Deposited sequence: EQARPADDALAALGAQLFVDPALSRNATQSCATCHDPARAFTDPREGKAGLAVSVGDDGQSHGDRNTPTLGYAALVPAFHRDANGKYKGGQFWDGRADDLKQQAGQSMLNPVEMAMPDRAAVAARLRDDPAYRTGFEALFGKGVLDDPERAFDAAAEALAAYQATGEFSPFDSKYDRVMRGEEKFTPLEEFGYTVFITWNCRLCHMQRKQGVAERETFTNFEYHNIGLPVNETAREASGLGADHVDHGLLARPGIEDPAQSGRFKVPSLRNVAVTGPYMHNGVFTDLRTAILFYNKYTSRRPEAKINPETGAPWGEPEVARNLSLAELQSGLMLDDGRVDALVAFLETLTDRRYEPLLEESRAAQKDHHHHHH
């Protein structure tokens, strides 16, 4: 009944450019189902919508760590709040206000039909109820199996349906023994039922600014992206420069990488972690540029306790980690790996 219908309404909204400022783009433009709900073509990189429905609502846990939420800086509590933010966000749909959204919904007879069947007669004449309903529908759609199918090779191997290759097995073993599992595993110990390779925490791993993206954003050379501290209501200076730990599902097909898209290749993202561990001169150099990585955009609150592990990944281990992370690709996106 209403479960299916609510998601189906969200599926219609998700592909409708009428939800954008000048009817130019839909949520699908930037979060394209053909590219794991990222952009196949603002200063932050567009993250995947796949598995986003597994993230808990934003909260502060009992040890004082913040966890959960949506956006790179956690400023939406959950997917319904995110959708409302997205509809009015200048770097997403950019509608000027909630009434403009309701007016677009009212223009379309199928939306009068679909929204009234689910939320009651006259819903679209009330801009607050209209907007809230649209965000509710968009969130329900993203919570469907299609966005989180758990059908990767990794999934199949964990179900005992097939085996890792030797190289994929080595990479899994490195991932679970090296520092990656401190942040890109859901739990501290035990076995997750629906692992998405993120503990949903906020960390500053000390990335440099992406110059060319920063220039194209029009934010200004004097802009600094403070991550979680930019969430309204967070004032704790220890959160400055921290970003949500991304799920690594589909990582092999969603480049470029990190909050600002600074590295184009998955191998580079992995090599970045050697800057904290390796003594070799090459560990200081971004291979995509031949220059030093660059100083951290925010030179405080770095997760040095996890990052300064004492162990360098040799090239064999980096090859193994690439192979393992490619097994986290949903079945439908396997063709993209060639």
| query | finding |
| --- | --- |
| Missing CA stretches, deposited numbering from 1, N-terminus first | 1-4, 46-62, 360-373 |
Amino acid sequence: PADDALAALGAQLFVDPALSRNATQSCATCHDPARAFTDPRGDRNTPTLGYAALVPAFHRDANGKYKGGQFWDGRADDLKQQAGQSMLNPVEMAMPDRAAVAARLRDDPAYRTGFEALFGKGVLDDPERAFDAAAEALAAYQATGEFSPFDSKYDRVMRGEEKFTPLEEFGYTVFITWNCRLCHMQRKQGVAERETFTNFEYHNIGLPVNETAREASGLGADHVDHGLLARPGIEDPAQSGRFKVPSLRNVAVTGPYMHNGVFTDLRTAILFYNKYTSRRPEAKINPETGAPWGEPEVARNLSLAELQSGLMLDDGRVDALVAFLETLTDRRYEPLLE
From here on, numbers count along this sequence of modelled residues.
| item | value |
| --- | --- |
| Selected stretch [higher average CA B-factor]: 154-162 or 173-181 | 154-162 |
| Between 243-251 and 183-191 (mean CA B-factor, as deposited), the higher | 183-191 |
| Maximum C-alpha temperature factor, selected from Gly227, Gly84, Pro232, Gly206 | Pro232 |
| Identity of residue with top Cα B-factor, from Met93, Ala76, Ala216, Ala140 | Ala216 |
| CA B-factor ranking of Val262, expressed as a third of its chain | middle |
| Third assignment of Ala62 from its chain's C-alpha B-factors | highest |
| CA B-factor placement of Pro56, once the chain's modelled residues are sorted into thirds | lowest |
| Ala28 - Cα temperature factor, lowest/middle/highest third of chain | lowest |
| Within-chain third of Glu295 by Cα B-factor, per the entry | highest |
